[PDB]
Amino acid sequence: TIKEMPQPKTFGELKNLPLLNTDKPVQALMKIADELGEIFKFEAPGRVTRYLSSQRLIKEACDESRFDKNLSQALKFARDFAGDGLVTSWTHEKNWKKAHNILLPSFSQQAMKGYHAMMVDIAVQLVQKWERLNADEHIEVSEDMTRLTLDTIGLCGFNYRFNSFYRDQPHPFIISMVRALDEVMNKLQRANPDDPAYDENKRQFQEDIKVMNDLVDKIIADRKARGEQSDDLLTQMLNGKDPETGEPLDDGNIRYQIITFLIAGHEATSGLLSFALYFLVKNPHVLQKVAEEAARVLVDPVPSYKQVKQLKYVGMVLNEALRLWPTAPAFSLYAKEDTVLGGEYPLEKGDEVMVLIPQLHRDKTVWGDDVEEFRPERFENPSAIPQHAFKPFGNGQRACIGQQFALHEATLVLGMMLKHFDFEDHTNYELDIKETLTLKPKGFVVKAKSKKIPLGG
Ligand code: HEM
């Protein structure tokens, strides 16, 4: 039962690269997985990886004593602006363990309670925007979610107000950031990056990094002009010592983590929120039940921390939006030693493996036959999901540090949304998923009718 591995078509020197020469590479990998099964080899010029789609292979991948986080090419290029921040550093880089030890406390339950007020502040700004639209007017979903989540990481993390709801155009940071990630996406499909032909692209990349470093500058400046102003994530970056050594972070690493958390703390959550709303409006029973639960639980003018915790059905909706379209759809791993996966595929020390999460999430042997159906009632019982069947937040010590932050935000927001408005899919919208690294619905528009429920000062 040692088997040889499936591969899609190669094309000489270009290997499998041409199969992923689209703006949607993940969705295309998904389609290759449907043809080829639970594992395929995937080559590009000098770099192999193997894409895994089934729970039974992925649970072995997720054994930490056999595999460790790999930087995929995407994360490798991303190092050019996020450096050795928590997302783009090797497990064995000194700064991974150090910053993880320093910053973990900032995502505890005490820290979540502390972030809560400022989460509401922004969420209230969202509702007010929507209350304030005229009759003829509609809502751009991903755009406002993006405004909401960026402002939330910024305020709760750093006490910096992007004021996205004061703007009709995306914030400068966003513009630069998307373009920097866009470049990152674009380099992945160049056969010859060397070619002098991409000259203002390389220059345009540098401009956008500098713009990100521009914003980071202001944040360390605004904080230099106060300090009492609050106690948050930035404080901990500046003042926290690594209990394992006594050392705090150095300034260079701190610029990296700030960039890392503004990026990773807004993009994925933003797509989760649009997806969830996409699914509510396509599925009347869920919409209705979410509204029933919001009305039942959100009894004070703004939500409390304890009240967001009580929104179980919203939790279920969120998990089922993440099942179907996990907004960070992939993470990379390499074998720490020669090892044999599912007793069928011998791997060499250093061989790379890719977890294809939307396929993992579509694994019939684990999830049942109705995997394409959006059915949040399948999450009624959380302990019934088998180990490593559900992984939108990655794996082990390298899993999402901001997981609770993300779910708390999206639960609160989605709850408030269904408390205050009815939603109409007035264009009968067709799902279109734009990929940067993360996933998000494109062109998703709705109309809200206000339930006209006052919203506390
Ligand atoms: C629902 C939204 C989110 C999703 C689906 C998501 C998903 C993920 C995934 C899949 C990973 C592992 C990546 C890998 O193994 O290469 C990760 C890591 C990480 N996430 Fe998130 N994330 C989300 C939101 C957030 C938020 C709100 C923050 C911060 C406020 C954040 C910060 C991080 C950090 C710092 C890491 C790297 C951890 C380490 O290796 O030490 N993420 N996330």
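Counting starts at 1 for both ligands and their atoms, in listed order. Nothing fancy with the numbering, it's 1 onward along the sequence.
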So if I count the atoms of ligand 1 from 1 in the order they appear, which ones are less than 4.0 Å from some heavy atom of [X]?
{"X": "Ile153", "value": "30 (C)"}
{"X": "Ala399", "value": "38 (C)"}
{"X": "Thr327", "value": "5 (C)"}
{"X": "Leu75", "value": "16 (O)"}

Any N or O of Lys69 closer than 3.5 Å to N or O of ligand 1: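 Right, the criterion is met.
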Of the protein's non-hydrogen atoms, which lies at the shortest distance from [atom], and what is that distance?
{"atom": "atom 35 (C) of ligand 1", "result": "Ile401 CG2, 3.5 Å"}
{"atom": "atom 27 (C) of ligand 1", "result": "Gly265 CA, 3.4 Å"}
{"atom": "atom 32 (C) of ligand 1", "result": "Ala264 CB, 3.8 Å"}
{"atom": "atom 21 (Fe) of ligand 1", "result": "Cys400 SG, 2.3 Å"}
{"atom": "atom 12 (C) of ligand 1", "result": "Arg398 O, 3.8 Å"}
{"atom": "atom 36 (C) of ligand 1", "result": "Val87 CG2, 3.4 Å"}

For atom 6 (C) of ligand 1, which of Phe405, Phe393, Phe331, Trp96 has the closest heavy atom?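 The nearest heavy atom belongs to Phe393.
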Run down the list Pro392, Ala268, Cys156 and name the one with the heavy atom closest to atom 7 (C) of ligand 1.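 The option holding the nearest heavy atom is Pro392.
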Strictly below 4.0 Å, N to O, side chains only: are [X] and [Y] in salt-bridge contact?
{"X": "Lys98", "Y": "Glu93", "answer": "no"}
{"X": "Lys210", "Y": "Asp217", "answer": "no"}
{"X": "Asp23", "Y": "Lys442", "answer": "no"}
{"X": "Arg362", "Y": "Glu372", "answer": "yes"}
{"X": "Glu293", "Y": "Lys312", "answer": "no"}

Got a sec: does the CG of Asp370 have more than 12 other heavy atoms crowding it under 6.0 Å?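 Counting other residues, nucleotides and ligands, CG of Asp370 exceeds 12 neighbours.
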Ignoring hydrogens and angles, state whether a donor on the side chain of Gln236 or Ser106 is under 3.5 Å from an acceptor on the partner side chain.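 The criterion, which ignores hydrogens and geometry beyond distance, is not satisfied for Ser106 and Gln236.
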So, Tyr334 and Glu348: side-chain donor and acceptor under 3.5 Å apart, yes or no?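 Short answer, no.
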Can you check whether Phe261 and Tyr160 have ring centres sitting under 6.0 Å from each other?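 No, the ring of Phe261 stays outside the 6.0 Å limit from the ring of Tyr160, centre to centre.
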